[PDB]
Amino acid sequence: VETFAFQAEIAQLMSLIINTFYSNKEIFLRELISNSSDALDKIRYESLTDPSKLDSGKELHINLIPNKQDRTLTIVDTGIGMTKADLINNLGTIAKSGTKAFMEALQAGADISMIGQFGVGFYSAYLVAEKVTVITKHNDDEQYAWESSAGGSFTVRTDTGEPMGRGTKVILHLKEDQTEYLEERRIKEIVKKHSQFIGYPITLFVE
Ligand SMILES: Oc1cc2n[nH]c(Cc3ccccc3)c2cc1-c1ccnn1-c1ccccc1
């Protein structure tokens, strides 16, 4: 298991998200669904030139899986997936400029709901989750598990769990007072309100 420090601006953004009083927490789901949608567009675009890139799965979809026993909400996609490099430094480097602009916007009167306009919408997961686990599998690499409970660090390990073929799975270990995002009616309401025009099927699993 490898442990990494977040870049200073990312650690600062995650602390802001965890510490700021902000009741409109539900926007985390739109951000994660939007990220899943972008990765599905990426594999779809790549498959047009190289059809063999879909040999690890033709179906392009998003699954929302609540689990009251484990207190988790899992967002699963069959998108392009991430390499070890994407998890360790590639996406964290791009996120530095977006974090800075978002921080400036907040100081100028913007609110946490506009986070996605800065390409750092993923971190809104920490409005509701005490820990986030990300399992991913790209065609050119092995299966990896990224994990963080904030606090300035994240881990990356080769995933020994069940192979997922291709795509990304975001496991939100919810805070004790945020279990409403495990309720079927609540997830349905949020999906209809913020993610109604996503170009991929979104299946809300039931328990
Ligand atoms: O399909 C995903 C779902 C995601 N949800 N949230 C995260 C963010 C993230 C990154 C690193 C480590 C941890 C989280 C996603 C990332 C991916 C994904 C897979 C491949 N490209 N791509 C991606 C999508 C949008 C922006 C950047 C990359």
Inset, instruction - Within the set of other residues whose C-beta is less than 11 Å from the C-beta of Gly92, count the net charge using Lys and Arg as +1 and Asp and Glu as -1. - result: -1
Legend entry - Neighbour-count order for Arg30, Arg186, fewest beta carbons within 10 angstrom listed first: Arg186, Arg30
Inset, instruction - List, largest first, the extents of the alpha carbons of the chain along their principal axes, each in whole Å. - result: 47, 37, 31
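Only counting other Cβ atoms within 10 Å, I'd like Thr78, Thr3 sorted with the fewest neighbours first. Please list the in-between numbers first.
Working: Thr78 25, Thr3 10.
Going from least to most buried by this count: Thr3, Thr78.
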Inset, instruction - Considering the options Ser153, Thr49, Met103, tell which one lies farthest towards the positive end of the dipole of the chain, charges being +1 on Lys and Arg and -1 on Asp and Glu at the Cβ, about the Cα centre. - result: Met103
Legend entry - Reachable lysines, given that their alpha-carbon falls under 28 Å from the alpha-carbon of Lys53 and they are not under 8 places away in the same chain: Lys42, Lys84, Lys137, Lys169
Inset, instruction - Just need the relative contact order of the chain here, percent rounded to a whole number, with Cα pairs under 8 Å and 6+ apart. - result: 33 percent
Inset, instruction - Mind jotting down the distance between the C-alpha centroids of the stretch 145-160 and the stretch 54-82, whole Å? - result: 18 Å
Inset, instruction - First measure r as the distance between the Cβ atoms of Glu183 and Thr49, then evaluate 1/(1 + (r/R0)^6) with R0 = 30 Å and state the FRET efficiency to the nearest 0.05. - result: 0.10
Legend entry - Extension gain (nm, one decimal) between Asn67 and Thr93, 0.36 nm per residue minus Cα-Cα: 6.1 nm
Inset, instruction - Return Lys188, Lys96 ranked ascending by Cβ neighbour count within 10 Å, so the fewest neighbours appear first. - result: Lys188, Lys96
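The numbers here are math on the coordinates, done by the rules we state, and not lab data. Positions of Cβ are backbone-derived with ideal geometry, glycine not excepted, and every protein chain shown enters the neighbour counts.
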